[PDB]
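Engineer: Just dropping this structure here.
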Amino acid sequence: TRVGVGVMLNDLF
Amino acid sequence: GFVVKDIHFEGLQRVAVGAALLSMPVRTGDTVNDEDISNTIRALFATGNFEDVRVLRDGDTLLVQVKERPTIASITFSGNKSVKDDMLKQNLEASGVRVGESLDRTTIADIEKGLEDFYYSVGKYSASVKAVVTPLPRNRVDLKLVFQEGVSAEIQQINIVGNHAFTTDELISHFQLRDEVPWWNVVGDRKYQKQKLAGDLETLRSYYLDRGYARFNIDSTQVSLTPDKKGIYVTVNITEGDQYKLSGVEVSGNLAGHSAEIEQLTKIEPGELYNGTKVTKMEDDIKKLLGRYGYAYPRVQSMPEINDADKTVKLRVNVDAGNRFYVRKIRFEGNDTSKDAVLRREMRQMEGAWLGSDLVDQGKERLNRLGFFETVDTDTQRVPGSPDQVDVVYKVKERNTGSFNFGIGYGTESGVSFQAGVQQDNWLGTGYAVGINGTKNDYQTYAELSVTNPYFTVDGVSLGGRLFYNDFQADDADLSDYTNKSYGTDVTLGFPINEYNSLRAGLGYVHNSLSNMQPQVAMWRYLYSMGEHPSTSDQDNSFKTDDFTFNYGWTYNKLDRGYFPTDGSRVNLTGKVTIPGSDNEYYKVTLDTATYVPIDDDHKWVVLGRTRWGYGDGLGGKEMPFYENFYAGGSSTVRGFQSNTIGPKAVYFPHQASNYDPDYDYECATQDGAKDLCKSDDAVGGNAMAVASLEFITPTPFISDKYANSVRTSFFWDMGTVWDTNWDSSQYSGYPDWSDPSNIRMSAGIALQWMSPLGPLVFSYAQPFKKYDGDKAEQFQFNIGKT
Amino acid sequence: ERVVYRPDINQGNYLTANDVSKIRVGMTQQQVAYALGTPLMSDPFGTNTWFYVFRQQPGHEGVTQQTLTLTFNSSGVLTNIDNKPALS
Amino acid sequence: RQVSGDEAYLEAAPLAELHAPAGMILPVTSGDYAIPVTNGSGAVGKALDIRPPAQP
Amino acid sequence: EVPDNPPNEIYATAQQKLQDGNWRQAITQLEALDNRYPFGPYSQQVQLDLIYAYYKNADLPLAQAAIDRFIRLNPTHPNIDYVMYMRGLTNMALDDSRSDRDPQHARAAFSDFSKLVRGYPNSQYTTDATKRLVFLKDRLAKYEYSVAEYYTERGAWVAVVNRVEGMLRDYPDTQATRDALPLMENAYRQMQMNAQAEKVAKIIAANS
Amino acid sequence: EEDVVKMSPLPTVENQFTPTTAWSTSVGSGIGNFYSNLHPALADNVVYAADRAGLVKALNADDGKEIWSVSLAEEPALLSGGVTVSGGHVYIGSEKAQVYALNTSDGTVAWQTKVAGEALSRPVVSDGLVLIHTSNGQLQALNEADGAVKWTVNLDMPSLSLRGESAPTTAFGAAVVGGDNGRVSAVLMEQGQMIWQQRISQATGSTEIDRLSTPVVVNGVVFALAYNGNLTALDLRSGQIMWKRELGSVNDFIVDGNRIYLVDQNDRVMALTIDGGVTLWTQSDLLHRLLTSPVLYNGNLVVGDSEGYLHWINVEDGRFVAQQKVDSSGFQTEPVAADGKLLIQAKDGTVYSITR
């Protein structure tokens, strides 16, 4: 999709 | 018959004597035949505790006997290479197979075979999953699930049979599923695996129907494994209709006396070919009208009357307005974190009003397009004891909204870009968007912190605040050497005007800390406009500015498609002006304009017209800060030229910086012979810019038809111009006229773009055939998804 | 007022002309129900009265409301109707 | 994050039957969501021992 | 990850971590002790402690699933009065004490505490459960007020009167309802229903 | 990442003669990893073979040197229906639902007919007809003279199937074909008229269990095999099951004297009694070595695996006899034992003749 990382689903607050 | 006295029990373990009694229909003292006993047996099975029940007569007593199902003590895995232990055990609990419960023994193979399908979904058909059930001293059992996942099977051909008008390839072109995806010329062109083929045949139907093939049919779609079950063949057999021209539309059904308004909604200019998508519009336009007048579920159907004589179709459209209903309540189950208002505010079906099949659905698309929920499901329940009252339920599973994101890109104008930051879309389930983003170019280090309300106003007006920091270095931006260490704040209303239009209006503050200004006429003309008289001959200087702005903006987007637009224009306009009380006094206006005008029906030949305009000036006899200048050149503006190379240039003073002149080239330094002023090819841009390109999109003619439409070749003629409007052409008689825009920098060239794994790609090769004095060329440029 | 994006606010019951002219005085509840469908509001303060509020306001202005009020008695038989096609 | 030995529910606003006007009646109270008086000497909040009983 | 100790050793252990308040340690000892002897002459006591822990350890999904199961196999059981109190707490613990999220939990919690006091008027956990019901009723009333509030802003003057009417029906004695009366008055007035408006106004004038 | 069953390693065989390659002729790119039927066929000491693209050469059976040079592209041809030659025509099925007949003489097109679906089956030539079993279930029969469609017999097909559709065997002007649902069927050669249709396959459960996707008739018995289902002897007259055995393959069996030689779905070979199907011997040293259909050559059994190894199994015991790497391209398409010659075509279209 791209070079890097999209780290979804991590934090709420 | 038979009369009971007591009720004795054999094989009660986990189940208390009480729990047994409360499930038995036949009670102490009752009179019971061999039929009531069957219904009692029948009930004790229905409790699910027991493996085997028998109810017997022992003289005057009724004797119940049970072997309770065994209790699960362990669930271990061993094999699960593609699926985490925690994800599987969570699914087992879901399906009522949990440690501390009993084992549904007749479901063991069910459990086994019930997991394979999970592995068949992803395409791992060669799979397995037996179960070992180890008995343990006190009616317990260890469930071990031995997995043997296979090689994932790949789709080794998609064939079409019966296609005579269109090469099998050209058709496969528009499918989600691919029989080949490239690399080392890699095109991010979807996967090579297989599932839910349904929907790729729908695109096949449309492609034919939308070109007048009204009698087009899909005969059969067979699907093959290889014996090794690692290859997958797909064949769709079709019957190409002859091409048919539309005659007219007969409308017949429960019209609800609305023929007045439908007889012209089914009026079609006679001669144009049958068009399957114009049909499905018409059909929906009707359902929209019948919805307009109360009806919740208006049905419409169109069976074309075929006439092979003259080769035409008379479209026979059956209508049925059906009933009306009333929404008693709209309930939200799932929102354990998000507030009720947060989902309800995204509704288009009003509660305490008449039900819309559309408005309930529209309410759902609007709900997952938020991204706050993993799954959204509707459910229209008829209210008990009412014919026409309903409750509309939205079942949500909430997604974890907060996410760290990091991206590196590589262009020319930029160099290496490092986008990075943390984002939070739904702060504590309030709709509030907080985010700390930052980006690092070759010339810029930027980092902002956001808070946004997407509904300041119930009607979708957003009020967001930004708090930013920007250290800018011009000699890295191919400009006259400056340094700007800016930072400030901006509160902004965003008005949704129209499906296509939005406005922005905001108040902002800005601190501009200028430093390391190597002297230059145009830059200094601005400086003693602010009443600053610093030194003509050294680089040690400083200028602090404290400004307050009013910012405004309008954005009109009607592009047929987000990715490779083929039709319709986009227009953005972002200006500002200084509210009295500021150190500076100016206004700024920038306007971008992109237009797509396809020439062929298949839309493979698009004509693109781009235009970028800029203008600003000072109000109190002052001048526009040079950091607010317009530039032109690079990929994003006029190609074939270097970044920012277009416009005025530096006219330098004699000086020296604390560089300690070693063995490097300098501009107008004392050390190497300071006469007076030095002209240069160092760009400064201006306060008045106008670029405008004309790009002809075409097919890409040496790449496989299967995925040729994946990459977009185009030919462009780019032109641009910047100028300084306060350039004293007189006083600087010897120096070029940088108040005259008449010098238009033109260029022609070819472009490619597609999607690589490295990210979105865009190549440009341009020869600036008409360039003027001191314009730095840059014939080849590119980006790899700077983002 | 501006030129904001409002999303059409429908409220209450739907009434055609061909349906108002169909209730005559001295019908039952169930007859009125079948005629006009269950009403959305009803006075829950000790009075069998039915409210057929056919309220529509689309995008920007033009807020149409027809207020069709039906009065019953202890029996459950229509006694008096009240119809207003606008609001002033 | 979640309530460990909390007591906030004690401050919750009381319930008092709404007095009806004359020539008017309040809508009919659904039997649902109705609390029976119980001559209750039992503790509340932190003051109540919520540990499981035993015997023998 | 307990070794095969004698059972009395494992009870002394777990029942030591309870007065200390180390739940996560007490569980692993009990959680294991349950799988060892799922039925016994004093192995229902094991199950009650295993529930006390899950609650205090805020293992709420395990507390629920352990209670539900307990009741299904021992609804006769003398201490069934206590298991209900805990279930009610469990669901209350999935709530808000500023509360306009899915009341599924509070509503479910309200049920458990009603089943306790109806079935066991003279139980140790009755009067506390009662106070909790009062919280939960306001909470449940407060949910409807918010929906009303959104629809008063939106201008769905039907949805408001219907929503408020339902509060009067379901939660009349609640304090959420007083605050609900003038948006029902307002709601009428907006649909030119001045007769029905004045009705509510004299219900406001007549109460706090 | 990992296949579920270790491909049994190359058996370590004490060769009881030297298997030599007589000659070798490479023909186009071959078939590759596209699971096709395309084999060579031998008629009048003249071998005929093809590649998937649509190259079709005729070679001398001795020197393996070319005779005639023509191809069938404009855009590939997707040939799949194994080469089969009868009278003076070369028959080949195309996965563009084309069937070509080429003159054995020059190698020009005699005729080319538009059939109902992908022509995956080896064409079978009987009476005055050519039987093409396609991928959409249509069992059509074309005219040996001009190539016209004389009839179509819509067999119905399961959601999911395997590939190579079963080539029919013919007896007394009746074609016996295999179904993809697991039902072996028998039609008439004048009309495609159904006579009997018998299910041969054992079903399992509510998953994806497939029956098939070529039978042999000796002394009024029909022998046939289902992918997962059973090897059954059938009454040629009625199609009633006489005896069944719980063995399955997609690799056509051979019936010689009083024994059945077959290669099961797991690549294990065995010989069975024609009588009731009781097991003579079993050779499971080639398990999952994706083997080809077996052929009889000088009282020996010849097979091929994915890694281009030919194996020689002894009929009387089922122990190995010889081994030989011949093409690291790999083997799939069936062998050919005919006219005291042995042919095979590796995936890259290399046509070997095997001697010594």
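Chain identifiers are assigned as A, B, and so on, following the order in which chains appear in the structure tokens; residues are numbered from 1 within each chain, and ligands are numbered from 1 in order of appearance.
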Determine which residues of chain C sit within 7 Å of chain E, taking into account only C-alpha atoms, and present them as number ranges by chain.
Structural biologist: C: 11-12, 41
Engineer: Okay, now the selection with C-alpha atoms, as an mmCIF file, in the first residue's frame?
Structural biologist:
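Wrote again_16.cif, looks like this:
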data_model
loop_
_atom_site.group_PDB
_atom_site.id
_atom_site.type_symbol
_atom_site.label_atom_id
_atom_site.label_comp_id
_atom_site.auth_asym_id
_atom_site.auth_seq_id
_atom_site.Cartn_x
_atom_site.Cartn_y
_atom_site.Cartn_z
ATOM 1 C CA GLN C 11 -42.229 14.409 10.851
ATOM 2 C CA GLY C 12 -45.389 12.424 11.774
ATOM 3 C CA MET C 41 -49.075 11.020 18.354
#
Engineer: Quick one: which residues from chain C are at most 12 Å off chain D, using only C-alpha atoms, as an mmCIF file with C-alpha atoms, in the first residue's frame?
Structural biologist:
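Wrote it out as iface20.cif, contents follow:
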data_model
loop_
_atom_site.group_PDB
_atom_site.id
_atom_site.type_symbol
_atom_site.label_atom_id
_atom_site.label_comp_id
_atom_site.auth_asym_id
_atom_site.auth_seq_id
_atom_site.Cartn_x
_atom_site.Cartn_y
_atom_site.Cartn_z
ATOM 1 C CA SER C 42 -52.190 10.616 20.615
ATOM 2 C CA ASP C 43 -53.149 12.784 23.694
ATOM 3 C CA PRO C 44 -52.106 10.645 26.730
ATOM 4 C CA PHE C 45 -53.784 13.086 29.238
ATOM 5 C CA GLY C 46 -57.212 11.425 29.812
ATOM 6 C CA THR C 47 -58.716 12.024 26.298
#
Engineer: Should the cut-off be 6 Å, what would the residue list for chain B against chain A look like, counting only C-alpha atoms, as number ranges by chain?
Structural biologist: B: 400, 402-407, 757-759
Engineer: Given the selection you just returned, output its residues as a file containing N, CA, C and O atoms, formatted as a short mmCIF file (atom, residue, chain, number, x, y, z; two decimals), in the first residue's frame.
Structural biologist:
data_model
loop_
_atom_site.label_atom_id
_atom_site.label_comp_id
_atom_site.auth_asym_id
_atom_site.auth_seq_id
_atom_site.Cartn_x
_atom_site.Cartn_y
_atom_site.Cartn_z
N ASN B 400 -11.34 0.20 17.55
CA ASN B 400 -10.33 1.01 18.28
C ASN B 400 -9.84 2.12 17.34
O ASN B 400 -9.15 1.81 16.35
N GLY B 402 -8.04 5.18 17.77
CA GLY B 402 -6.68 5.75 17.87
C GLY B 402 -5.66 4.90 17.14
O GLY B 402 -5.76 3.66 17.22
N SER B 403 -4.70 5.53 16.45
CA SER B 403 -3.73 4.85 15.54
C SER B 403 -2.50 5.73 15.27
O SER B 403 -2.69 6.87 14.80
N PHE B 404 -1.30 5.20 15.51
CA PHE B 404 0.01 5.77 15.08
C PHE B 404 0.23 5.43 13.60
O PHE B 404 -0.02 4.27 13.21
N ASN B 405 0.70 6.41 12.81
CA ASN B 405 0.95 6.27 11.35
C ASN B 405 2.30 6.92 11.01
O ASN B 405 2.63 7.95 11.62
N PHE B 406 3.06 6.29 10.11
CA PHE B 406 4.44 6.67 9.73
C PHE B 406 4.65 6.37 8.25
O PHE B 406 4.40 5.22 7.83
N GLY B 407 5.10 7.35 7.48
CA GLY B 407 5.27 7.23 6.02
C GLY B 407 6.46 8.01 5.51
O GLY B 407 6.58 9.19 5.88
N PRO B 757 4.23 -1.07 -4.83
CA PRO B 757 4.23 -1.41 -3.41
C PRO B 757 4.91 -0.30 -2.60
O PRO B 757 4.57 -0.13 -1.44
N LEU B 758 5.84 0.42 -3.25
CA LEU B 758 6.55 1.58 -2.67
C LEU B 758 5.57 2.75 -2.52
O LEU B 758 5.92 3.73 -1.82
N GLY B 759 4.40 2.65 -3.15
CA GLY B 759 3.29 3.61 -3.00
C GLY B 759 2.86 4.15 -4.35
O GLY B 759 3.30 3.66 -5.39
#
Engineer: To one decimal place in Å, what is the distance between atom CA of residue 534 of chain B and atom CA of residue 683 of chain B?
Structural biologist: 22.2 Å
Engineer: Which of segment 120-178 of chain F end up as strand (DSSP E) when DSSP is run on this backbone - answer as a PyMOL selection string?
Structural biologist: chain F and resi 124-126+129-133+138-143+149-154+160-161+169-171+174-177
Engineer: Those selected residues, please, written with C-alpha atoms and delivered as a PDB file, in the first residue's frame.
Structural biologist:
ATOM      1  CA  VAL F 124     -12.455 -39.673 -28.699  1.00  0.00           C
ATOM      2  CA  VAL F 125     -13.182 -40.803 -32.318  1.00  0.00           C
ATOM      3  CA  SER F 126     -15.890 -43.551 -32.696  1.00  0.00           C
ATOM      4  CA  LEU F 129     -18.043 -38.869 -34.707  1.00  0.00           C
ATOM      5  CA  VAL F 130     -15.584 -37.046 -32.354  1.00  0.00           C
ATOM      6  CA  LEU F 131     -16.633 -36.851 -28.643  1.00  0.00           C
ATOM      7  CA  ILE F 132     -15.703 -33.469 -26.982  1.00  0.00           C
ATOM      8  CA  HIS F 133     -16.515 -33.359 -23.205  1.00  0.00           C
ATOM      9  CA  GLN F 138     -21.817 -30.241 -22.546  1.00  0.00           C
ATOM     10  CA  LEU F 139     -20.807 -33.666 -24.044  1.00  0.00           C
ATOM     11  CA  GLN F 140     -20.993 -32.828 -27.805  1.00  0.00           C
ATOM     12  CA  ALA F 141     -20.179 -35.151 -30.779  1.00  0.00           C
ATOM     13  CA  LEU F 142     -18.775 -33.522 -33.991  1.00  0.00           C
ATOM     14  CA  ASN F 143     -18.929 -34.873 -37.591  1.00  0.00           C
ATOM     15  CA  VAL F 149     -22.347 -30.479 -33.996  1.00  0.00           C
ATOM     16  CA  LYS F 150     -24.473 -33.695 -34.368  1.00  0.00           C
ATOM     17  CA  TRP F 151     -25.833 -33.412 -30.760  1.00  0.00           C
ATOM     18  CA  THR F 152     -25.260 -31.942 -27.245  1.00  0.00           C
ATOM     19  CA  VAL F 153     -25.904 -33.836 -23.928  1.00  0.00           C
ATOM     20  CA  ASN F 154     -26.031 -31.240 -21.086  1.00  0.00           C
ATOM     21  CA  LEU F 160     -16.962 -26.549  -7.478  1.00  0.00           C
ATOM     22  CA  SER F 161     -15.158 -29.325  -9.489  1.00  0.00           C
ATOM     23  CA  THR F 169     -14.940 -44.840 -24.117  1.00  0.00           C
ATOM     24  CA  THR F 170     -17.353 -46.340 -26.770  1.00  0.00           C
ATOM     25  CA  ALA F 171     -18.994 -49.821 -27.175  1.00  0.00           C
ATOM     26  CA  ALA F 174     -22.932 -46.059 -27.147  1.00  0.00           C
ATOM     27  CA  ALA F 175     -20.450 -43.558 -25.552  1.00  0.00           C
ATOM     28  CA  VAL F 176     -19.735 -44.133 -21.792  1.00  0.00           C
ATOM     29  CA  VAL F 177     -18.538 -40.799 -20.232  1.00  0.00           C
TER      30      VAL F 177
END
Engineer: Could you work out which residues of chain B fall inside 6 Å of chain F? Count only C-alpha atoms, and format the result as a list in words.
Structural biologist: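 For chain B, the answer reads residues 148, 150, 151, 223, 224, 225 and 226 of chain B.
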Engineer: Show which residues sit within 10 Å of residue 33 of chain C, as a list in words. Count only C-alpha atoms, and ignore same-chain residues fewer than 4 positions away.
Structural biologist: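 So, after excluding close chain neighbours, the residues are residues 386, 387 and 388 of chain B; 28, 29, 37, 38 and 39 of chain C.
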Engineer: Restricting it to N, CA, C and O atoms, dump the selection as a PDB file, in the first residue's frame.
Structural biologist:
ATOM      1  N   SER B 386     -49.373  -3.720  16.038  1.00  0.00           N
ATOM      2  CA  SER B 386     -49.502  -2.593  15.077  1.00  0.00           C
ATOM      3  C   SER B 386     -49.190  -3.092  13.670  1.00  0.00           C
ATOM      4  O   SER B 386     -48.234  -3.835  13.473  1.00  0.00           O
ATOM      5  N   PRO B 387     -49.983  -2.707  12.645  1.00  0.00           N
ATOM      6  CA  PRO B 387     -49.727  -3.147  11.276  1.00  0.00           C
ATOM      7  C   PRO B 387     -48.599  -2.359  10.597  1.00  0.00           C
ATOM      8  O   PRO B 387     -47.839  -2.966   9.861  1.00  0.00           O
ATOM      9  N   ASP B 388     -48.523  -1.046  10.860  1.00  0.00           N
ATOM     10  CA  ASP B 388     -47.706  -0.092  10.062  1.00  0.00           C
ATOM     11  C   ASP B 388     -46.695   0.662  10.944  1.00  0.00           C
ATOM     12  O   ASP B 388     -46.049   1.582  10.410  1.00  0.00           O
TER      13      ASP B 388
ATOM     14  N   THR C  28     -65.469   3.876  13.849  1.00  0.00           N
ATOM     15  CA  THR C  28     -64.684   3.316  14.987  1.00  0.00           C
ATOM     16  C   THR C  28     -63.213   3.735  14.878  1.00  0.00           C
ATOM     17  O   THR C  28     -62.816   4.284  13.833  1.00  0.00           O
ATOM     18  N   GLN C  29     -62.442   3.466  15.932  1.00  0.00           N
ATOM     19  CA  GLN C  29     -60.961   3.581  15.928  1.00  0.00           C
ATOM     20  C   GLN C  29     -60.442   2.741  14.753  1.00  0.00           C
ATOM     21  O   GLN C  29     -59.917   3.338  13.795  1.00  0.00           O
ATOM     22  N   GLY C  37     -53.967   4.713   8.663  1.00  0.00           N
ATOM     23  CA  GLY C  37     -52.867   4.055   9.395  1.00  0.00           C
ATOM     24  C   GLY C  37     -52.790   4.562  10.822  1.00  0.00           C
ATOM     25  O   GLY C  37     -53.307   5.660  11.081  1.00  0.00           O
ATOM     26  N   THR C  38     -52.181   3.788  11.720  1.00  0.00           N
ATOM     27  CA  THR C  38     -51.947   4.172  13.136  1.00  0.00           C
ATOM     28  C   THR C  38     -51.412   5.603  13.156  1.00  0.00           C
ATOM     29  O   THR C  38     -50.508   5.931  12.393  1.00  0.00           O
ATOM     30  N   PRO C  39     -51.953   6.498  14.015  1.00  0.00           N
ATOM     31  CA  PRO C  39     -51.438   7.861  14.137  1.00  0.00           C
ATOM     32  C   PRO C  39     -50.142   7.831  14.957  1.00  0.00           C
ATOM     33  O   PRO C  39     -50.016   6.930  15.772  1.00  0.00           O
TER      34      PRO C  39
END
Engineer: Nearest to residue 49 of chain D among D:12, D:22, D:36, D:5, with distances taken over only C-alpha atoms: which residue is it?
Structural biologist: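 Closest to residue 49 of chain D, using only C-alpha atoms: D:5.
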Engineer: Check the DSSP output for the backbone and give back, as a list in words, the residues of chain C in alpha helix (DSSP H).
Structural biologist: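 Put together, the selection reads residues 17, 18, 19, 20, 29, 30, 31, 32, 33, 34, 35 and 36 of chain C.
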Engineer: I'd like the contact shell of residue 443 of chain B - 10 Å cut-off, only C-alpha atoms, skipping same-chain residues fewer than 4 positions apart - returned as a list in words.
Structural biologist: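 My reading of the contact set: residues 413, 414, 415, 416, 417, 471, 472, 473, 474, 475, 476, 477, 478 and 483 of chain B.
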Engineer: Counting only C-alpha atoms, collect the residues of chain B whose closest atom lies at most 7 Å from chain E, and write them out as an MDAnalysis selection string.
Structural biologist: chainID B and resid 13:16 18:19 73 100 332:341 351:352 458
Engineer: Residues within 10 Å of residue 10 of chain D, please, as a PyMOL selection string. Count only C-alpha atoms; anything in the same chain fewer than 4 positions from it doesn't count.
Structural biologist: (chain D and resi 6+14+44-45) or (chain E and resi 128+131-132+134-135)
